[PDB]
Amino acid sequence: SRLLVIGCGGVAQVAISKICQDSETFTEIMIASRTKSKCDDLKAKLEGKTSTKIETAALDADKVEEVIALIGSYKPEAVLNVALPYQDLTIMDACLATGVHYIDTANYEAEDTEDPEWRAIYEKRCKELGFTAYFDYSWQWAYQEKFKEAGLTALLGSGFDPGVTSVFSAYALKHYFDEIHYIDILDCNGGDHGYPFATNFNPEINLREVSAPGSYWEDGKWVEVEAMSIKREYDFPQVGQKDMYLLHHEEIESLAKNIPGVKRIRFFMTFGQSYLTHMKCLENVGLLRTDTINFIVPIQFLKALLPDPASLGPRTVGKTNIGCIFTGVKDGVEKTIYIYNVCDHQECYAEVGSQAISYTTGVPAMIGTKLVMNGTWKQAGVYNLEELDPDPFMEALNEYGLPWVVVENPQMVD
Amino acid sequence: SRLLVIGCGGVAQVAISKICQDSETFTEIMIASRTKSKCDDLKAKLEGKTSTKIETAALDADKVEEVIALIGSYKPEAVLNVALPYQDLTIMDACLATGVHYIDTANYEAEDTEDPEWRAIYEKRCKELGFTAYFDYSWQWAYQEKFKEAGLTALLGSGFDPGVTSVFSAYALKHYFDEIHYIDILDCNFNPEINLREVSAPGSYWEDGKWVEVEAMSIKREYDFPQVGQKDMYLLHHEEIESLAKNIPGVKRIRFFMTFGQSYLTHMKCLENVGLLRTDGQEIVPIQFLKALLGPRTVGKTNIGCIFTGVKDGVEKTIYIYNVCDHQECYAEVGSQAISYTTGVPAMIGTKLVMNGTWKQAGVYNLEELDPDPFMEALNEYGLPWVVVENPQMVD
Ligand SMILES: NC(=O)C1=CN([C@@H]2O[C@H](COP(=O)(O)OP(=O)(O)OC[C@H]3O[C@@H](n4cnc5c(N)ncnc54)[C@H](OP(=O)(O)O)[C@@H]3O)[C@@H](O)[C@H]2O)C=CC1
Ligand SMILES: NC(=O)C1=CN([C@@H]2O[C@H](COP(=O)(O)OP(=O)(O)OC[C@H]3O[C@@H](n4cnc5c(N)ncnc54)[C@H](OP(=O)(O)O)[C@@H]3O)[C@@H](O)[C@H]2O)C=CC1
């Protein structure tokens, strides 16, 4: 009934709104983030439409002392981290210090990738496991023992992917298969903002997607490849044929560990050709580069010229479809299942005033938070969603805005 | 034997390089431009490989007295203008004042196209002639009588196009035809404002004593370029159409086409989409932020030439004269782009021919008015060998 939410961007705004819709679970919330004015505007926008009591504060979640002081002052039962993944460990340390629960949506990656202690563990991992993405669960899983000892719950990656995709996996394994062997996670965004080119997020993340090496997991080994070197096509329910490429994703790591006997796990994402050409163009004229220069570094000078940051929410027309195709065995017989959710952009902006990218992450975040606090998912330790009972989550998904679909004998990627 | 060179960008870098390779004609040269640092780096980079004595200076060729004081001080026999077209009139004035010769590569375009008295001249022209390009020869042709009286030579547009494309025309008229009727000029392949107006300015050509202006890039064609292949072409307006229509007797139609790769046309369309070509911290204009951004990675070839259709001994005849230059043999020789190379060499030849006596004629001239022969032998000699095709393939 008393919750502290850290961060106040797109995801947070959806998660906070859905939270105020279930005011009987959440009687009081505190919205703290780097720029307090964002917290205040959201409070303004929400106050009067909910019975939930909303307080706000400025907070630099990169400083644990500042985070601890806050928990100490507001006294919450849990902390929902909807800030950046850079703050994961700091917020987790404070939760342990003050004995409150932790929920987030993205795993940890250092903000400064030149930090000596971070490189040493990172480089060692690049040599041992085989994949070189800057983020992974190693740092957060390491809290397993201290959290279990403090009787604290740490629910990790509770958005859509990661998050729901793991809930889909657990659900599939509990009701449809005896053993899952192949998991292909397909993320499709078929929305049209109306502009020739525009970015939904921090424009440097877009650069990370198309340029970072892509990787997957196959029979106990990570497999890394040249960025965007694996292409495919799929006819997405309610959207259509879309070109999709294999990228690396957080959940592949937890899934490979938690789904017994699993043989291969891949994650693909859609990329329209105009978008792809628009961005090898921008990176060719070096407009995405970070090399500071004078006299302003460019990538964010571009951020200035591009369309309003978040004012694509009212403009965007289209749909997203994120799901998973499972191949496994039930009663000694091969079986394929596809579970997905189709989210419509304009329904998202009409309801909470955001795009579907924020919506599909925000809603699962609140549900993950609800189940932890209401007791359903309160277990000491650090957890990824596939390790918990999927049932109450799948119900909350139907109840709170993200109904799902299950298809037996679907169309395969290959 | 003594020359003042104004400007020190790409073209100038090539030109001076070529100039120093012929030190028996050019004993000492002076390299002066806005930023003296480049003049010095170029000077260090060359001297020791040449016996030509090299001096350098800072000069804002926009102020006429500063130019005159430099000419009076350095006492050169001629001035090669390889700065921007904005400095043409300023430099020609100094040349006339001090009695020295003049050579440039592009004709005049005012730097501030909003300046009142310029526009009055400009618009009057737009109404009479029919073409609206900001640049034209009228300004410089006006100097004809004064230069002739001072016994001075002003050679206009001595690059590839204009320039060599005009030498090709004079050559074709002298050796291959009795009369040229159709001239089609074909140019095949770091300033986005030049590229931007290149793809957006109205296109125009000349036909039967009249100019015809059309929608920008509304006219497309394709041609299989010798040594390069099939490429896409669009009709653009170009300087030499004006001089040729005046100087090629009986010519009936003159057109200019330029190639535009699909890869380039989209890059251009992408940049215009994210608003990087716009013109408007809250004190910046986009297109100039873009210039701040940008040798061996570049691979390819250029092919610039002209297709003439005419009459010789009462029979229609077609001729194709062109030059093929490859980017790296020129970057391996003088360290530059093929665009600067194909303009740099013509810039020197005209200068050499003007002051060694070959082309010294009092007055203002475009290249088609002079004997093309010494210029082409020179083109073969200094790096830009040409080709002649009888019965080549047409356009249309
Ligand atoms: N499938 C999934 O599950 C996905 C999950 N996500 C996750 O959700 C988060 C995205 O939120 P997103 O909508 O892009 O959020 P935004 O980038 O708009 O989030 C902005 C909020 O983070 C706050 N913040 C950042 N740094 C700090 C700090 N040091 N201290 C306190 N607050 C801070 C910001 O402060 P300020 O307002 O001043 O900038 C801001 O309010 C991501 O970290 C990402 O990992 C994203 C995509 C997919
Ligand atoms: N085929 C052809 O016939 C072609 C012709 N051209 C011609 O070549 C010239 C192009 O030179 P380009 O290679 O593009 O040159 P650049 O754009 O690199 O020329 C730069 C030089 O111009 C000098 N400059 C500019 N303004 C002044 C001034 N007011 N006073 C003194 N110096 C000045 C610059 O000084 P600084 O470096 O300090 O700015 C610099 O050295 C043009 O005039 C154009 O007409 C262009 C393309 C091909």
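Calculation notes
- Residues numbered from 1 in each chain as written, not as in the entry; some residues may be left out.
- Chains lettered and ligands numbered in written order.
- Heavy atoms only, no water.
- Residues with missing side-chain atoms left out of burial classes, pairs and counts.
- Helix = DSSP H or I, 4+ residues; strand = E, 2+ residues; numbered from the N terminus.
- Rg over C-alpha atoms; globule rule 2.2 N^0.38 Å.
- Near = heavy atom within 4 Å.
- Polar contact = N/O pair within 3.5 Å; in protein donor to acceptor, adjacent residues only side chain to side chain.
- Areas by Shrake-Rupley, 256 points an atom, 1.4 Å probe, with all protein chains shown as cover.
- Pairing = 2+ DSSP bridges.
- Axes fitted to C-alpha atoms, helices over the stretch in contact; angles between N-to-C directions.
- Contact = heavy atoms within 4.5 Å.
- Domains from an automatic or database assignment.
- Salt bridge = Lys/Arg side-chain N within 4 Å of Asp/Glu carboxyl O.
- Nonpolar A, V, L, I, M, F, W, Y, C, P; charged D, E, K, R; others polar.
- Expected span 1.5 Å × (residues − 1).
- Buried < 20%, exposed > 50% of the residue type's maximum accessible area, 1.4 Å probe, protein only.

### Regarding the overall build of chain B
Across its full length, chain B holds 15 helices and 16 strands. Relative to the 2.2 N^0.38 estimate, which gives 21 Å for 396 residues, the radius of gyration of chain B is 21 Å and therefore close to what a compact globule would have. By principal-axis analysis of the C-alpha atoms, chain B measures approximately 60 × 55 × 45 Å.

### As for the site of ligand 2
Residues and elements named next belong to chain B. Taken together, 24 residues form the shell around ligand 2, and within it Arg34, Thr35, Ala83, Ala106 and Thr343 come nearest. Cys8 places a polar main-chain atom, nitrogen or oxygen, 2.8 Å from an oxygen atom of ligand 2. Backbone polar atom of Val11 to an oxygen atom of ligand 2: 3.1 Å apart, as the coordinates give it. Within the complex, the protein chains bury 80% of what would otherwise be the 930 Å² of accessible surface of ligand 2.

### Observations regarding the sheet that holds strand 2 (residues 28-33) of chain B
All names here are of chain B. One open sheet holds the seven strands; their spatial order is 3-2-1-4-5-6-15, and the pairing between them is parallel. Lying at the two open borders of the sheet, with one neighbouring strand each, are strand 3 (53-58) and strand 15 (363-366). The mean inter-strand angle of the sheet, taken between neighbouring strand axes irrespective of direction, is 15 degrees. Pairing between strand 2 and strand 3: six bridges, direction parallel. Within strand 3, the residue paired with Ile29 across the bridge is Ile54. Contacting strand 2 and strand 3, helix 2 (residues 36-46) crosses the sheet at an angle of about 165 degrees to strand 3.

### Remarks on the domain arrangement of chain B
All names here are of chain B. By domain assignment, chain B separates into domain 1 (1-160 + 336-396) and domain 2 (161-335). For domain 1 and domain 2, the distance between their C-alpha centres works out to 20 Å. If you look at the interface, domain 1 gives 52 residues, while domain 2 gives 52 residues. Our count for the domain 1 to domain 2 interface comes out at six salt bridges. One can count 26 residue pairs in polar contact joining domain 1 with domain 2. Among the residues making up the side of domain 1 that touches domain 2, the classes are represented as 28 nonpolar, 16 polar and eight charged.

### Digging into helix 8 (residues 164-175) of chain B
Residue and element names in this part refer to chain B. Compared with the 16 Å implied by 1.5 Å per residue over twelve residues, the 16 Å span of helix 8 between its first and last C-alpha is a close match. Of all the twelve residues making up helix 8, nine are buried; the element is thus mostly covered by neighbouring parts of the structure. Among all positions of helix 8, only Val164, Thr165, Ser166, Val167, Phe168, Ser169, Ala170, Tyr171 and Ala172 are buried.

### Comments concerning the environment of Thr199(A)
Residue and element names in this part refer to chain A. Looking at where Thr199 falls in the secondary structure, it is placed in the loop between strand 7 (179-192) and helix 9 (203-211). Overall, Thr199 belongs to the buried group, its relative accessible area being 10%. Along the chain, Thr199 and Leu84 lie 115 residues apart, while their C-alpha atoms are 18 Å from each other. The contacts of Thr199, once residues within four sequence positions are left out, are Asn206, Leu306, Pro309 and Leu312.

### Points about the site of ligand 1
Residues and elements named next belong to chain A. Taken together, 23 residues surround ligand 1, and among them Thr35, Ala61, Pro85, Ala106 and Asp161 come closest. One of the side-chain nitrogen or oxygen atoms of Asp62 is found 3.2 Å away from a nitrogen atom of ligand 1. In the complex, the protein chains occlude 80% of the 950 Å² of accessible area that ligand 1 would expose alone.

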